[PDB]
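Structural overview for review
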Amino acid sequence: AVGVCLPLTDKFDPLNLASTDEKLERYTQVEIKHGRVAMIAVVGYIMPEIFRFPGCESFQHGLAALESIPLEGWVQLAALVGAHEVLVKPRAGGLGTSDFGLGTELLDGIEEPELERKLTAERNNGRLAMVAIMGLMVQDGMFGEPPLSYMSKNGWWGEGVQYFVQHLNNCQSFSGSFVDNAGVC
Amino acid sequence: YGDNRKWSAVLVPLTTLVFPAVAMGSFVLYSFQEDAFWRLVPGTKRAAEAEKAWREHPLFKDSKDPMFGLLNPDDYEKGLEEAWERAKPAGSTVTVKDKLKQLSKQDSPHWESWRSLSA
Amino acid sequence: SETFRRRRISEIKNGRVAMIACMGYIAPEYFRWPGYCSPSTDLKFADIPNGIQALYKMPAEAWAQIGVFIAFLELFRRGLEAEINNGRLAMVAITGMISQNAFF
Amino acid sequence: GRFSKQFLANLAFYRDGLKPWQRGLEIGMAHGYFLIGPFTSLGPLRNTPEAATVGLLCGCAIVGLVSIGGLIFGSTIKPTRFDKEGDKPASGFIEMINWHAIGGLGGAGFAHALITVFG
Amino acid sequence: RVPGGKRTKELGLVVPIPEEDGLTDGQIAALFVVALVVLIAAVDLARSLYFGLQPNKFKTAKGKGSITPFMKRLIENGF
Amino acid sequence: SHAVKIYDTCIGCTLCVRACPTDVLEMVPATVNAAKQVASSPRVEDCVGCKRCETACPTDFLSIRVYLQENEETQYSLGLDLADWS
Amino acid sequence: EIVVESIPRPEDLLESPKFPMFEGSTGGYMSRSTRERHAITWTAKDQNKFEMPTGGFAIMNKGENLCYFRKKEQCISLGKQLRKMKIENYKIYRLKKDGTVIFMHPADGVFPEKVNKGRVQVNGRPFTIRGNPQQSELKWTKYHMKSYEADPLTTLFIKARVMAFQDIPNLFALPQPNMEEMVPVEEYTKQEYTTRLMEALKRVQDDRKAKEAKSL
Amino acid sequence: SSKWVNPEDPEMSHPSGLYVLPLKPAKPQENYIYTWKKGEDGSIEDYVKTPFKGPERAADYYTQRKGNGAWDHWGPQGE
Ligand code: CLA
Ligand code: CLA
Ligand code: CLA
Ligand SMILES: CC(=O)O[C@H]1CC(C)(C)C(=C=C/C(C)=C/C=C/C(C)=C/C=C/C=C(C)/C=C/C=C(C)/C=C/[C@@]23O[C@]2(C)C[C@@H](O)CC3(C)C)[C@](C)(O)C1
Ligand code: KC2
Ligand SMILES: CC1=C(C#C/C(C)=C/C=C/C(C)=C/C=C/C=C(C)/C=C/C=C(C)/C=C/[C@@]23O[C@]2(C)C[C@@H](O)CC3(C)C)C(C)(C)C[C@H](O)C1
Ligand SMILES: CC1=C(/C=C/C(C)=C/C=C/C(C)=C/C=C/C=C(C)/C=C/C=C(C)/C=C/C2=C(C)CCCC2(C)C)C(C)(C)CCC1
Ligand code: SF4
Ligand code: SF4
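Quick notes on the rules
- Residues numbered from 1 in each chain as written, not as in the entry; some residues may be left out.
- Chains lettered and ligands numbered in written order.
- Part of a larger assembly, values for the part shown.
- Heavy atoms only, no water.
- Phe/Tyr/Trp six-rings, centres within 6.5 Å; stacked < 30°, edge-to-face > 60°.
- Helix = DSSP H or I, 4+ residues; strand = E, 2+ residues; numbered from the N terminus.
- Buried < 20%, exposed > 50% of the residue type's maximum accessible area, 1.4 Å probe, protein only.
- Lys NZ or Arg CZ within 6 Å of the ring centre and 35° of its normal.
- Donors = N, O, S within 2.8 Å, 3.2 Å for Na, K, Ca; no water.
- Contact = heavy atoms within 4.5 Å.
- Buried area = accessible area lost by both parts, 1.4 Å probe.
- Salt bridge = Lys/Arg side-chain N within 4 Å of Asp/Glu carboxyl O.
- Polar contact = N/O pair within 3.5 Å; in protein donor to acceptor, adjacent residues only side chain to side chain.
- Nonpolar A, V, L, I, M, F, W, Y, C, P; charged D, E, K, R; others polar.
- 1 Å grid on protein atoms, 1.4 Å probe; cavity = no way out; pocket = protein on both sides within 12 Å on 5 of 7 lines; lining within 4 Å.
- Points joined across faces, edges and corners; volume = space filled by probe spheres on them.
- Axes fitted to C-alpha atoms, helices over the stretch in contact; angles between N-to-C directions.
- Left-handed = near helix turned anticlockwise from the far one by under 90°.
- Pairing = 2+ DSSP bridges.
- Patch = residues over 30% accessible without salt bridge, like charges linked within 9 Å, V, L, I, M, F, W, Y side chains within 5 Å.
- Areas by Shrake-Rupley, 256 points an atom, 1.4 Å probe, with all protein chains shown as cover.
- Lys, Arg positive; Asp, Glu negative; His and termini not counted.
- Charge placed at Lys NZ, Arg CZ, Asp CG, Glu CD.
- Near = heavy atom within 4 Å.

Its PDB header attributes the entry to cryo-EM and lists the resolution as 2.8 Å.

Here is the structure:
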């Protein structure tokens, strides 16, 4: 089926939340939307570190962007998103409520296994993006800076797990060490 | 210098511990598929389907016949009958068609018996 | 069913151990047994503290001997209603007391 | 012998009236609890103050690796001795392996806690 | 370095090391993007190699097939 | 499974049949030779590939040939004992 | 005419008078991991000591004896030893997992070494061993890599082809196709098309003759 | 004189190469496993054959095997 890959032979629903078809459809729609927003949000986290659009250089990047950007600007962004959510409806005859006739030319007249593979790839990427965006936001909130800049400054292990690897080669930050090497891991 | 070791700290493990382990597990999972190595393990549904597709194609529908190539089998047969008539020993009851059928037929029931698995 | 019976036995036991733990938390402040808990290391009940600190304080040997005794014990209807109700109350009390001690 | 028969029948893998989660939980508890120790005592960081925690991490990693191997085994061979009637094949085995992973984590953590608390 | 070579010790050969790494994070990221494109294309190529040719395509696939005029000329010329 | 073939050079001495370890071969009536019999290989599925028939064949070059086929190995041709593929 | 014995499954036949007196060993079949069996049943005039193919020795009962093994090889070796002892009434059966009994060794009731009527040669080739066709000659055909399975007619045809293709000076070179004259399959008689092809071939031959005779 | 008839090619002999058709049992043996059987009086047996509802291992590789022949290539007469 759609959303089930090789690592899981059967559908994963330990709590049996999708007991009925209506609830399964609602959860599928919600999951698709959440995964899409999470995917764009994760690229959204990575790309401002690489570069900033003209005029957006001053603004802070991560959760700090909520305070940095003007409340008026946030209102404008939310208004754009709301206009999109209110003025766009699923295309008649579409696969469901999750589709909006955006890029459907690529999926029209294709083999059903390929359509299922595309839908499942969308869902899996959305799920990984949800997990990754929660990780990014939680780390940003806890450590005061976006995760990418934080890793550049401190590395993969920083100030929370560096204690585990304080005695490793190229990662040795133990007291009295002949080298710090804490920012390279 | 060496500040790029932060890339190594993520790549060397991810490339030499995580990726190889995932590949090994995936290979073990793949080994138990119906068509594990269909191009080298005899008697696979995928291989049988590919052969049937080749047979379906018009050009290759009878390319596996060792005797393929005779434009006019009827004329070839007529010439062979004329030759056998001229070379026939006295009181010979062996006919060209019967001899050709006998030579074409043989008794080798154990050749590629694994075809049954596929079909 | 088997799950209900196992859960009933587990609840009864957790209630008994919870009454026991609540009593062991309450009593030491009121009074403590004398007699050199660990004479080898010159340790006495008045010196040992009450609470999670005891785990670090009193010797691992003593804790292991207590554990061995409990292992031996384990390996070798209005009254019952009162038992189970008091088990519930004692479980709540002991979890609250341990959480408070750990937090503060 | 009678003793060996009884012992093997009373192992967690075989014990009567045990759910697959119970079997896996007990086996994993034992496995993790004894697995943390070797890394704690003989690891590269055995003399460092974080020896116990690093050994706990290594033991949890070992539990995870063996549980992944067991999941591969149940996905490929699919033993059906623990399965309930009218249930997907190997469901009981996969449940037992998942609970073995859980029990290994728990036992490793408990051993590490005991080491830390009692020196 | 602690050299172990007789010639190295004799002639004082050295392994000079720069003060700063040659490439920056952005450059490494660009190279990794190109490598990712290579990886995606390579996975597609591996799938194509694994599945081989599909002679059934003339039954269902769109279009009627095509041979380039140069390919036709090569066929007419022969081997 | 392996391929056990017999050629008309056969003289019907039965040595291959007698040397067969899993009884793959049997003598059958024939008129090609003076002995009026030729070895056959009906049970080629049981052939293990020991080439004892080939060892026992007298003819200048063997009238019986065992062609090994490692790709088509079966449990009978592998002599599996501890494991069963049936 | 041959009657197949009942031969109950070994798991069902725990103790039987037929089983000979044998020592036992770890060389017997693994009952936990295998289900296919082979039963050998014979009749002995006297109790002769014999060696089990699976480990130790045994003593065969005077009368009917039955033994179980894992492989036809073990059964056949025991049968050969019994034949050496002059016990010619032994029979071998293959027992499936479900109890089906297949009479195997004296397939038609006559030992294979003895000629029997009603036997037809199988896997027999009507030529010397070197009469097989060349492996490279039958490539991308039925016998792609098995020249020892080609039919005699195919062998003869391939031999004649290799003889024919030695005479290079007079070999008809296949005309190069005109790719322009290609039409859809949807867009006559088979004989008529053959005749038209033959007219085209004769025209090609005439053109070739003229072209070669131009300068010679 | 062989009762077996080749399913794939009637002209050729059966791949089995046997001359007597198989004998079916009165009741086919059902799937079983060797386990312990506690005697209810403190006793216990080691190798007790007990029924098993389905395949012991539900892998496709295990279940595809029917035992008719080397490749399950024998005709219906094999059963
Ligand atoms: C990997 C994630 C992913 C995937 C697989 C899909 C898949 C799909 N989306 Mg999309 N979608 C995504 C992310 C994804 N989406 C995100 C993040 C958003 C939020 C912006 C959306 C928002 C969205 C909407 C609103 C709608 C869809 C719909 C669709 C369908 C469009 C048809 C198609 O061909 O899409 C798949 C196509 C692609 C993923 C593009 C592939 C090209 C990539 C980006 C570049 C390749 C580069 C590479 C290096 C070059 C290759 C070289 C060589 C091998 C040739 C399809 C099911 C429609 C739908 O529901 O239809 C049923 C629809 O209405 N999507
Ligand atoms: C796939 C998504 C993802 C990825 C790639 C990362 C990546 C990272 N996270 Mg994590 N994180 C994620 C999701 C993710 N996170 C989510 C969803 C959350 C929200 C709960 C967090 C919350 C979070 C925090 C709060 C912190 C991290 C930290 C880190 C960094 C160090 C990780 C490490 O080596 O720890 C190694 C740790 C150990 C060896 C000790 C074990 C510690 C606990 C007990 C582990 C629990 C999780 C476990 C490993 C998961 C097992 C599998 C799971 C299915 C149960 C690293 C950049 C740390 C950091 O350095 O941030 C700068 C950090 O402090 N993350
Ligand atoms: C085939 C060429 C090649 C080879 C042999 C190596 C070898 C190495 N690289 Mg890599 N590397 C390559 C190309 C190559 N690199 C390229 C093109 C880039 C630019 C993106 C990098 C960028 C890079 C970085 C940033 C780092 C390394 C590092 C390393 C070391 C560990 C592996 C690793 O972390 O890879 C990570 C690199 C990649 C995943 C990028 C793709 C690498 C190539 C193209 C893969 C080719 C696969 C091969 C053809 C077939 C594999 C088959 C497989 C199934 C068995 C090792 C010395 C680490 C190091 O220096 O440690 C001290 C390190 O930190 N490499
Ligand atoms: C019939 C039946 O079944 O019931 C129905 C009912 C109903 C209602 C329909 C259902 C539902 C939906 C539910 C229950 C949906 C729940 C959704 C939740 C709990 C979402 C949490 C998001 C948290 C986020 C983003 C945290 C973000 C946290 C961040 C960004 C934290 C950020 C920092 O804290 C960090 C991490 C460190 C701090 O120092 C700094 C700051 C910045 C504050 C059901 C149950 O499904 C079905
Ligand atoms: C309630 C369970 C329990 C039982 C059933 C039990 C039975 C016996 C027996 C019977 C066969 C003997 C012979 C014996 C002997 C000693 N016990 Mg022991 N004991 C129990 C509990 C504790 C605790 C809590 C402590 C303790 C100790 C000692 C010391 C050392 C004293 C010292 O420190 O000088 C000695 C010699 C203390 C200790 O190990 O201190 C390091 C300590 O604190 N025991 N104990
Ligand atoms: C969807 C839609 C519509 C729409 C829309 C609109 C307005 C969409 C706008 C989209 C927009 C504005 C999308 C920007 C993307 C920017 C990207 C991807 C930049 C990447 C840049 C990259 C990857 C660069 C990377 C690096 O090189 C850098 C910079 C530094 C180097 O060291 C190396 C690296 C690799 C790190 C219509 C037309 C209104 C109606 C229609 O019906 C439906
Ligand atoms: C033969 C021999 C021997 C052996 C021994 C052994 C082998 C042992 C083992 C041991 C072991 C191996 C042990 C273990 C133990 C374990 C434990 C004790 C565990 C516990 C756990 C727990 C308690 C957990 C919990 C949990 C979980 C599960 C989850 C969640 C969380 C928690 C924490 C709650 C000896 C040496 C004697 C000598 C003589 C002979
Ligand atoms: S195969 Fe050899 S041994 Fe057997 S009959 Fe023919 S010539 Fe004699
Ligand atoms: S190779 Fe061995 S088993 Fe096979 S036919 Fe020859 S003698 Fe018999």
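Let's shift gears to the packing of aromatic side chains. Scanning all chains against the criterion turns up 33 aromatic pairs over all chains. On the basis of an interplanar angle of 5 degrees and a centroid distance of 5.5 Å, the ring pair of B:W7 and E:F32 is categorised as stacked. Of this pair, B:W7 sits in helix 1 (residues 5–31) while E:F32 sits in helix 2 (residues 25–51), placing the two residues on different chains. B:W7 sits in the partly exposed class, given a relative accessible area of 25%. Judged by relative accessible area, E:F32 falls into the partly exposed class, the value being 37%. Measuring from centroid to centroid gives 5.7 Å for B:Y30 and B:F37, while their planes differ by 85 degrees, and the two rings are edge-to-face. Classification of B:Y30 as buried rests on a relative accessible area of 19%. Of the aromatic side chains, those joined through ring pairs into one cluster are B:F27, B:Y30, B:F37, B:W38, E:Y50 and E:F51. In this structure, G:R83 is placed above the aromatic ring of G:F111, and the distance from its NZ or CZ to the ring centre is 3.9 Å.

What the protein offers the magnesium atom of ligand 2 as a donor is a single atom, A:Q139 (OE1), at 2.7 Å. Tracing the chain through its elements places A:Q139 in helix 5 (residues 112–143).

Its place among the elements puts D:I72 in helix 3 (residues 51–76). Between the C-alpha atom of D:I72 and that of D:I94, which follows or precedes it by 22 residues, the distance is 9.3 Å. Other than its neighbours up to four places away in sequence, D:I72 contacts B:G25 and B:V28.

This paragraph deals with the interface of chain H and chain F. Facing the twelve residues of chain H at the interface are twelve residues of chain F. Contact between chain H and chain F buries roughly 850 Å² in total, counting both sides, with carbon and sulfur atoms accounting for 50%. Sorting the residues of chain H by area buried against chain F places H:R65, H:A70 and H:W71 first, and these three jointly supply 48% of that buried surface. Linking chain H with chain F are zero salt bridges. Between the two partners, chain H and chain F, sit four residue pairs in polar contact. Of the residues belonging to the side of chain H that touches chain F, the class tally is five nonpolar, five polar and two charged.

This part covers empty space enclosed by the protein. Here the largest cavity defines a volume of roughly 140 Å³. In terms of lining residues, the largest cavity is bounded by 14 residues, among which F:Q75, F:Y76, G:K71, G:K72 and G:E73 are the most central. Contributing elements (two or more residues each) for the lining of the largest cavity: helix 3 (75–78) of chain F together with helix 1 (72–84) of chain G. Its residues assigned to classes, the lining of the largest cavity comprises three nonpolar, four polar and seven charged.

Residue and element names in this part refer to chain D. Here helix 2 (residues 20–42) crosses helix 4 (residues 91–117) at 35 degrees, and the two axes come no closer than 5 Å. The crossing of helix 2 and helix 4 is right-handed. In terms of residue class, the contact of helix 2 with helix 4 is made up of 15 nonpolar, ten polar and two charged.

Next up on the list: the sheet that holds strand 1 (residues 3–7) of chain F. The strand order across the open sheet formed by three strands is 4(F)-1(F)-8(G), and the pairing between neighbours is mixed. Each edge of the open sheet carries a strand with a single partner, namely strand 4 (64–67) of chain F together with strand 8 (124–125) of chain G. In this sheet, strand 8 of chain G lies alongside strand 1 of chain F in parallel orientation, the contact comprising two bridges. Pairing of F:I6 across the sheet is with G:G124, part of strand 8 of chain G.

Let us look at a negative patch on the surface. Taken together, the side chains of B:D3, E:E19, E:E20 and E:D25 make up a negatively charged region of the molecular surface. Note on placement: E:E19 falls in the loop between helix 1 (6–11) and helix 2.

Attention now moves to the site of ligand 7. Residues and elements named next belong to chain D. Taken together, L25, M29, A30, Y33, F34, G106, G107 and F110 make up all the residues around ligand 7. Here ligand 7 loses 31% of its free accessible area of 970 Å² to cover by the protein chains. Looking at the shell around ligand 7, the elements with two or more residues in it are helix 2 and helix 4. A per-element tally of the shell around ligand 7 places helix 2 first, with five residues. Tallied by class, the residues present in the shell around ligand 7 amount to six nonpolar, two polar and no charged.

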